[PDB]
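Quick setup: one chain, the form deposited in one PDB entry, written in structure tokens, and binding and motion questions come after.
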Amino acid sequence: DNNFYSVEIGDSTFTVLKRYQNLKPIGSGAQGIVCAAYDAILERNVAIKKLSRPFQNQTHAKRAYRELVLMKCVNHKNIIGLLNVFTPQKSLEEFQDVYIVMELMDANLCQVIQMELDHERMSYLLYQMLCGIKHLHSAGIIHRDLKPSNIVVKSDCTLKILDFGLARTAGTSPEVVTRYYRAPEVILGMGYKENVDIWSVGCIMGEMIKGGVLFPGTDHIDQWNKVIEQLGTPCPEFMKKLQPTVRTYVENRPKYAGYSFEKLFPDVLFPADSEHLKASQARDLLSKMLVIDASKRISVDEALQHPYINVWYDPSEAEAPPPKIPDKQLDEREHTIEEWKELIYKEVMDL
């Protein structure tokens, strides 16, 4: 009706509340499409994600829900804040797309990696990242797909995590997580606990420092090579934990020595060691995150105590009340295209 309008950004069309104008494309990730625009009521910048026919496929709606629900009730400063959800269509009958409005940050990490940062800065950004993640973990939620382009920052040096389309509680035994950031657990057939996110975190930090992608595999298999060439070949106890058929390939892979963290990350790559917050001190944290074996790997809580991160520790920011997930809504129960369409509209319709 008279409350919306439509703009032609590229091929995609944005049918949105009249409140929102001067829209511009910024990104998408892969889970929606995003424009930055000007809220005119509130006279401030926002980000609008469009979700075209989310119900169309079963996976395509799993993500929209996840997102929608999580966005409603998450409450952390290191997580992008929700501003609004809406739909341009008048009732369930003609219902098509959803739009989510949330804060506009200044840029995503991609252009931070190409920077040189001091320890103060970098370690603190990582400390934030951790809190932000910890918040998801404290509800048993796992982000599952942390990456440069899912992390955003502002010029006051603040950081936030976003896109929960893939977020889930723990899983078992179709690769949907992004190649480079895939945990070994994920690469192989294995199930994941939460420290799967710590692997991502390791990948990201390492990247900032490397000024480039850490494990840059050409294909979903090469990506394992990339890991093992680097950090060495898994010890037999890890090898045992594998599915029998893929257990065979991993054993058959060359038995790389894999470089020490000091060669992985030479000093030429770091700035200079102020009041400790050192090359080593970080390197050690890397050396405790990027661990092939998930059970042998550091958790968030621990990552938060680890000296190099610990100097920003704020329990009001660290041990915040966890978000409240409306009761048993996560329970991935696999519904009909029809049931889906309804579920969502009930989450869009709160007013």
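The term rigid core refers to the maximal set of C-alpha atoms that superpose within 1.5 Å between the two forms. Just count from 1 along the sequence shown to find any residue number.
Would you say residue 340 is commonly dropped, meaning unmodelled in a third or more of the other compared entries that have residues on each side of it?
Residue status for residue 340: gap in at least one third of the other entries.
Can you check if residue 30 is missing its coordinates in at least one third of the other PDB entries compared, counting only those that model the residues either side of it?
In at least a third of the comparable entries (those modelling both sides of it), residue 30 has no coordinates.
Please classify the coordinate gap between residue 252 and residue 253 in terms of deposited residues: none, 1 to 3, 4 to 9, or 10 or more.
The entry has no gap there; residue 252 and residue 253 are joined directly.
If I compare the deposited sequence with the modelled residues, how many are absent between residue 276 and residue 277: none, 1 to 3, 4 to 9, or 10 or more?
Unresolved stretch here: 1 to 3 residues.
Using the B-factors recorded in the PDB entry, average over the C-alpha atoms of 9 to 17 and of 335 to 343, then report which stretch comes out higher.
The entry gives the higher C-alpha B-factor average to 335 to 343.
Quick one: higher average CA temperature factor, 44 to 52 or 322 to 330?
It is 322 to 330.
Kindly indicate the residue among 184, 236, 202, 217 with the greatest C-alpha B-factor in the PDB record.
Comparing C-alpha B-factors across 184, 236, 202, 217, the maximum falls on 236.
Would you mind checking which of 227, 268, 80, 122 has the top Cα temperature factor in the PDB entry?
Spelled out: the listed residue with the top C-alpha B-factor is 268.
What third of the chain, by the recorded C-alpha B-factor, contains residue 88?
It belongs to the highest third of the chain when residues are ordered by C-alpha B-factor.
Going by the entry, which third of its chain does the Cα temperature factor of residue 171 land in?
CA B-factor rank for residue 171: highest third.
Can you tell me which third, lowest, middle or highest, the CA B-factor of residue 30 falls into for its chain?
Its C-alpha B-factor belongs to the highest third of this chain's values.
Please place residue 223 in the lowest, middle or highest third of its chain by C-alpha B factor as given in the entry.
Within its chain, residue 223 is a lowest-third residue by C-alpha B-factor, going by the deposited values.
Grab the CA temperature factor for residue 243 from the record and place it in the lowest, middle or highest third of its chain.
Highest third, going by the recorded CA B-factors of the chain.
Heads up, the form deposited in another entry isn't pictured, but that's what we're talking about next.
Please state whether residue 127 has a C-alpha shift of 2 Å or more between the shown form and the other one, with the rigid core used for the fit.
No, residue 127 moves less than 2 Å.
Just checking, between the shown form and the other one and with the core aligned, does residue 238 shift 2 Å or more at the CA?
No, the C-alpha moves less than 2 Å.
Taking the rigid core as the superposition reference, indicate whether the CA of residue 199 shifts 2 angstroms or more between the shown form and the other one.
No: residue 199 shifts by under 2 Å between the shown form and the other one.
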